[PDB]
Amino acid sequence: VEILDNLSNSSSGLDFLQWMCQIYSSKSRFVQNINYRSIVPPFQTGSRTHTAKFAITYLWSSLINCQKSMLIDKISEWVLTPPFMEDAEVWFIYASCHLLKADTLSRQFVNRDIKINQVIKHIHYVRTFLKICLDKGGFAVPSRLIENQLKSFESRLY
DNA sequence: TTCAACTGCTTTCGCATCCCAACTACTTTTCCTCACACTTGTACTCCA
């Protein structure tokens, strides 16, 4: 919080969470037998079947940071690369990155054969990443309320 | 008097199970720093 809420010559905290998720990337299994001294899982380590909290804070705070910069392609290219096949929160973020492109591009700037179908691609990415998010374990989304927003992107498109 | 397998031959130079390692633990190597129980007088009166 100190780098982001300093704002003077700041890295805004996002290059430091990038530092955390580079050198503490460890897909190793949690051996669950040794007594643990000076480490604890739920806030500072990142084993297999547990995404690290600095990893998902790097995903939330770079989606929100990219929204406020209006580069979403570059986060959507990164989230593509790690298919965390053990959790639903990364897939909700990956579904929500495409919802933001499907939100931004659904203004149409007229009152176009390529402007149409690209939004349909992002709408179909949301409906298929939210489905695989909901098939996983516990991450309860307002899955009705998001469908009201995807249809609203298409009614503006028609 | 014939059928059917065993048969060597196509060119001409030069190209072309055992080991290791990871990280985190627990442990040993010792050396340094003090206390805890014991005891005789002395002190303050004790009873003669």
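The analysis underlying the following values was restricted to heavy atoms, covering all of them including side chains, and did not include hydrogens, waters or symmetry mates. To find a chain, count down the sequence lines: A is the first, B the second, and so on, and within it residues start at 1.
- Aromatic pair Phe129(A)/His98(A): ring centres closer than 6.0 Å.
- Each salt bridge (charged side-chain N to carboxylate O under 4.0 Å, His left out) pair with one or both residues in residues 47-70 of chain A, not counting sequence neighbours, would appear here, but there are none.
- Nucleotide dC18(B) carries a north sugar; the sign of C1'-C2'-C3'-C4' is positive.
- If you run side-chain contact (heavy atoms from CB on, under 4.5 Å) between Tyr94(A) and each of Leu130(A), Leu59(A), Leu80(A), only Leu80(A) comes through.
- Taking the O4'-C1'-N9-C4 or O4'-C1'-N1-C2 dihedral as appropriate, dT30(B) has a value more than 90° from 0 and is therefore anti.
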Distances under 3.5 Å only, N/O to N/O: pair up the protein atoms with those of nucleotides 20-25 of chain B.
{"unit_1": "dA25(B)", "atom_1": "OP1", "unit_2": "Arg37(A)", "atom_2": "N", "d": "3.0"}

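- By the 4.0 Å N-to-carboxylate-O rule, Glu154(A) lies close enough to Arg127(A) to be salt-bridged with it.
- Because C1'-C2'-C3'-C4' is positive for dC19(B), its sugar is assigned to the north class.
- Between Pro82(A) and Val90(A) there is no side-chain heavy-atom pair separated by less than 4.5 Å.
- At least one side-chain heavy atom of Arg156(A) sits less than 4.5 Å from a side-chain heavy atom of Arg107(A).
- Distance noted for atom P between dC23(B) and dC19(B): 24 Å (whole Å).
- Judged on ring centres (limit 5.5 Å) and ring planes (limit 30°), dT30(B) and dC31(B) form a stacked step.
- If you check the side chains of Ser28(A) and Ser26(A), you find a donor sitting under 3.5 Å from an acceptor.
- Using the sign of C1'-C2'-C3'-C4' as the criterion, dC13(B) is classed as a south pucker.
- With a negative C1'-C2'-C3'-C4' torsion, the sugar ring of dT11(B) falls in the south range.
- With respect to the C1'-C2'-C3'-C4' torsion, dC9(B) shows a north sugar, the value lying on the positive side.
- Base stacking between strand neighbours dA37(B) and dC38(B) is present, with six-membered ring centres closer than 5.5 Å and ring planes inclined by less than 30 degrees.
- With a ring-centre distance below 5.5 Å and an interplanar angle below 30°, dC34(B) is stacked on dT33(B).
- Look at the P atom in both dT17(B) and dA21(B): the space between them is 22 Å, to the nearest Å.
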